[PDB]
Amino acid sequence: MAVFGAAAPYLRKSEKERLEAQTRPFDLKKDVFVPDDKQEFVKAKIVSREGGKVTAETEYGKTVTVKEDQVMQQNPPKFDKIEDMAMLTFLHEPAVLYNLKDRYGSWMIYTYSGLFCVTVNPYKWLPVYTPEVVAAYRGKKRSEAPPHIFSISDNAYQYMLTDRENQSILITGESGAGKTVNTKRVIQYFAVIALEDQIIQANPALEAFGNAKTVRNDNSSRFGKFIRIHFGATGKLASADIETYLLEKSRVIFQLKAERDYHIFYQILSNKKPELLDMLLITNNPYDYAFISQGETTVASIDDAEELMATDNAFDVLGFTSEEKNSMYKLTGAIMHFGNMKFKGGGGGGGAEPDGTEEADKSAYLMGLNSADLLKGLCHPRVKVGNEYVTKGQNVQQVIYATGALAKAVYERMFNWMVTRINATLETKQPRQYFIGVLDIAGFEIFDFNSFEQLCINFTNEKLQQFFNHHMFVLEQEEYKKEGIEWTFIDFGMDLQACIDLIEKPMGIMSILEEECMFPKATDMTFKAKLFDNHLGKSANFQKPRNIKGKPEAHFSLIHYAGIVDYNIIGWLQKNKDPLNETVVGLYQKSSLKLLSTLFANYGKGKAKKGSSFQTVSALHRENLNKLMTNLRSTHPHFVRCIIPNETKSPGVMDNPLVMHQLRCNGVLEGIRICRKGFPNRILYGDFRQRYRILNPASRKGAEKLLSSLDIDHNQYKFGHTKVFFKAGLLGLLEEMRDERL
Amino acid sequence: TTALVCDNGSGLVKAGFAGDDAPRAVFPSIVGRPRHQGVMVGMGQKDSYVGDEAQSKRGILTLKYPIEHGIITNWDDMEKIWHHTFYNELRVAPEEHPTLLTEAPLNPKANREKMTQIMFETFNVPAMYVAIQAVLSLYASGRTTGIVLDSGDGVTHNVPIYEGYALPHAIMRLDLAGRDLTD
Amino acid sequence: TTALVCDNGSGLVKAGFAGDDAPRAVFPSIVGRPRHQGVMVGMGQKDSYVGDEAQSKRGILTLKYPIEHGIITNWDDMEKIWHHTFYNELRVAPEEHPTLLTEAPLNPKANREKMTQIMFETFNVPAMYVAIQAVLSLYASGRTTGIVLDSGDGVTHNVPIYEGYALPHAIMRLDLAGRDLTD
Ligand SMILES: Nc1ncnc2c1ncn2[C@@H]1O[C@H](COP(=O)(O)OP(=O)(O)O)[C@@H](O)[C@H]1O
Ligand SMILES: Nc1ncnc2c1ncn2[C@@H]1O[C@H](COP(=O)(O)OP(=O)(O)O)[C@@H](O)[C@H]1O
Ligand SMILES: [Mg+2]
Ligand SMILES: [Mg+2]
């Protein structure tokens, strides 16, 4: 342990201290966990089990009584502070929480969770990250190396070198909890093992254009950032590539009441730069504008002035000039003014024509287009039929939807072009051999007012979890075939895929919504009725909603790996539509500004494309997810979990409900549940002998004789050649009879 | 796979893939035959000109319309029209594309029966469906009620639909159409 | 807790929580069925329109009253009416609410028995009571004597009450009511 220097304590405690802490009073019979009101569970001593009534004295001194059917044992001393949750003798939902709690009490930051890694961000500087530890750590395999990110990083590096296959790392956590600095130190580790400054310099542009304020977090990130770190032929760092996925467009136009839009607009409205405001003719009052005033106007999340200044400086020190920066600023201003458009139905005709044109005039001046041409295109889109062009009629609702779709599409194209430019600037001329992926995605966010965006996020998280379950099953089967202990071949995928099939497949909620928005007279009540007719009783995951503590509204509830989640239908139909206008795109391509580059291309065998009108956000999302899964599945994945310890900044203190929510959304409970149905406890015959042979004082025959005398049933264990597998109950019985033996 | 929407109509065949904003192929439903002898040897003129091509050679052909008022009267010509539409216009194999066909109200049942038989046997389309012009026209108009007056080149008919429910006893048909206007 | 006062009557269901000045939900007692087929697909029309909704779709529905003269003749329709009243007009679950029902004098005993059985079984109300439509009217007038003439839509009756003591031998019932006047 001397190798780990003075960071050794945090990395692991000394064996002497472990032995010293092992011995402390614990009666397994009546020291079991008890349900609590303030928290999910508390540590309390049960006086006795008087029928269905019990008396538990907790650390707070309460004498509350609980039902006898929800009592559950507690970890014995000899297995406390365990490094891996897979090895815990009794696997229970709050047991992991309490073990992590008491481990962070001793400041054990990093923990194994079978295939998972649990890392809680410390609030104080620690020597674990000193580069001396990095230098001296090389040469240790994952098994013996205690928990830390470096262990899995080195394991993946070794896999990529030897097995000759791509590896990927998946990080899960809330933005602002240390994810950025964690990625920074991980890339620093990779550099040490052989452009961190460039990545740090380029991040501000990314989070400035990709984060927005939500109720849970003031700096919530939405888009699925991804970074592929490439290497040379000789296993040396070569260069890095950056890609983005699953960027949400609904946030641009529609925002919840207590949430903000993207930070770009608020930052632009900063008064410390008057030149931009005056040259863009921007109204300094955010209330006047329509797109922003709907959501929360402003919060004390982050001072936008210096953040905007830093982003501008980072752009200035980047490869491109200031004319391009002015271009993005003016295009963002143009995106801002599309909300001032107004249209009035013609008195004598169904078609609706504009009433005001000053906003249209200034916008067209901004893009260098013609106001009359733009108004004609919006009002009278041209379409190609056969070999001739014809004009189509549009009403107020259709033109409003078209304007919203145009704004969302132009913003998405701006973001994609920015990402491509950043990638090109970061690109170096080194050869690109096998890469290491790094994936950051939004978590399984849960609200009391879940909506369409939350549904998409939850669906993506559920698909990711299903992938993780499949990967873990493959690893378990590989281990079983290696050990020759092979049973229960049923795959662990369909169990979670049952809910997936109710979303993406035809006749699913998403498909039904996509069809319904096409129907000319669809309404929310009709959509709910169609959902109920097609899924109530017929599906095993669709069920009625539930009303608790006066929740504002609930229409339907789904069962996920994270529990029961209810969604609100209201508002979904209006925002699902994304009907683009072709003639406006053609006009943009004809423009005299850089915009034409972003809208360069948009819509003997005769393949058929998709109509503009037949465009919905839900489909694109699905498509994007697919084109992600067809890529991420090509690499061996690795998982990293980050858990916030408390809502407050105070170190040490914890809020049990927050930890419960983090664990539920991270899928750790799902992993433990998948592990417990099999044989999670596996022990070598040497250790088993040296620890349990004193029970029957006197290797296949010896083990068989020893177990035959313990009244162990045949189905409670698996008898192998290298390791022996036991059930949790067997371990508990062995512990009890060891306690009575001594 | 993707669905295929073809409208024979009358005097103008228009076809395309489902989900598109406008039909890809639009051309007159005309079959032309040469009425002269032909003296040049080696060119090898074909015995039947079909579709828009017949317009180019309009001056040496006897143009015939396969359908008079909705009802098909020359089945071989209709087969030629459908073959041209499927192969020389859309360049797709109907073996893997369901076909939606449009047919006017109040027509002989033998017409639909023969249409479906030809589609299923000659072209082996995996599946097909037949719809009414009025319902589709109402669909395209973004409406669920109202009375729709469809007046093509073959027949003019009025169909009232209320809340997605038709009124068969109130459907009216009149044989006056564009062809009579031209005459 | 609170009690629900449902007055089925005939041709007009009126209901509301006890202690309110006036009934909260009033709507006709009719069940409408679509007598046409429907051409537009995907709308997913329900097979039965109940209550005030049927009044907005009179032109494509056939309307049936579940109550001819006080008595109930179509029990499924009446069950639909009760379900709509409990779950849509009032939006209150009847699991924890006693109910007070009203009916005319001199009605078949099977009607009352089946009403009670349906209310206890289908809806599982904690308790229920049945009253004469005349005694309640007398209560509402702030009186304790006199005769009350209750001329509804289904049946008319006269019930003399003196000092709170009803006189069964003098109760008179006549089947002429508003429906016959409409006819
Ligand atoms: N601009 C126009 N003005 C007057 N008549 C027209 C015009 N365009 C087309 N038509 C008439 O409409 C007919 C085409 O009808 P069409 O829509 O093809 O009917 P169907 O759908 O039954 O094939 C032509 O015969 C032509 O005479
Ligand atoms: N002002 C009025 N003039 C004429 N008829 C009326 C008037 N008000 C109500 N009615 C008739 O009374 C009937 C409603 O009777 P109602 O009191 O609902 O009986 P019940 O209580 O048995 O339902 C209707 O059919 C209607 O024709
Ligand atoms: Mg037609
Ligand atoms: Mg009455």
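Heads up, residue numbers simply count up from 1 along the chain you see.
Header lists the method as electron microscopy, 3.6 Å.
Placed from the backbone N, Cα and C atoms, the Cβ positions cover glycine too.
DSSP gives A:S175 (ATP binding site) a coil state; it is part of no helix or strand. The ATP binding site annotation in Swiss-Prot covers A:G173, A:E174, A:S175, A:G176, A:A177, A:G178, A:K179, A:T180.
Assigned with DSSP, the residues of the domain 'Myosin N-terminal SH3-like' (A:27-76) fall into helix, strand and coil as follows: 3 helix, 19 strand, 28 coil. Annotation source Swiss-Prot lists domain 'Myosin N-terminal SH3-like' at A:27-76.
Here Swiss-Prot flags A:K124 as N6,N6,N6-trimethyllysine, drawing on sequence analysis. DSSP assigns A:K124 (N6,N6,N6-trimethyllysine) to coil in the three-state reduction, placing it in neither a helix nor a strand. Under a cutoff of 8 A between CB atoms, and with a sequence separation of 6+ in the same chain, the neighbours of A:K124 (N6,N6,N6-trimethyllysine) are A:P651.
Under the DSSP three-state reduction, A:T357 (phosphothreonine) is assigned to coil, being neither helix nor strand. Every protein chain considered, the tally of other Cβ atoms within 10 Å of the Cβ of A:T357 (phosphothreonine) stands at 15. If you look up Swiss-Prot, you'll see A:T357 marked as phosphothreonine.
Marked as region 'Actin-binding' by Swiss-Prot: A:625-647 (among others). Secondary structure counts, DSSP: the region 'Actin-binding' (A:625-647) has 8 helix, 8 strand, 7 coil.
The region 'Actin-binding' annotation in Swiss-Prot covers A:718-732 (among others).
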Near ATP: residues not in A:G173, A:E174, A:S175, A:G176, A:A177, A:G178, A:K179, A:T180 with Cβ within 8 Å of the site Cβ centroid are A:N121, A:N182, A:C642
Across A:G173, A:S175, A:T180, listed as binding-site residues, the smallest other-CB tally within 10 A is for A:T180
The DSSP breakdown of the region 'Actin-binding' (A:718-732) into helix, strand and coil residues is 5 helix, 5 strand, 5 coil
Close in space but at least six residues away in sequence, with Cβ under 8 Å from that of A:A177 (ATP binding site), the same-chain residues are A:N121, A:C642, A:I644
Filtered by Cβ under 8 Å and at least 6 apart in sequence, the residues in the chain of A:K179 (ATP binding site) near it are A:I171, A:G173, A:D440, A:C642
Quick note, A:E174 (ATP binding site): same-chain residues at least 6 apart with CB under 8 Å of its CB -> A:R216, A:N217, A:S220, A:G443, A:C642, A:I644
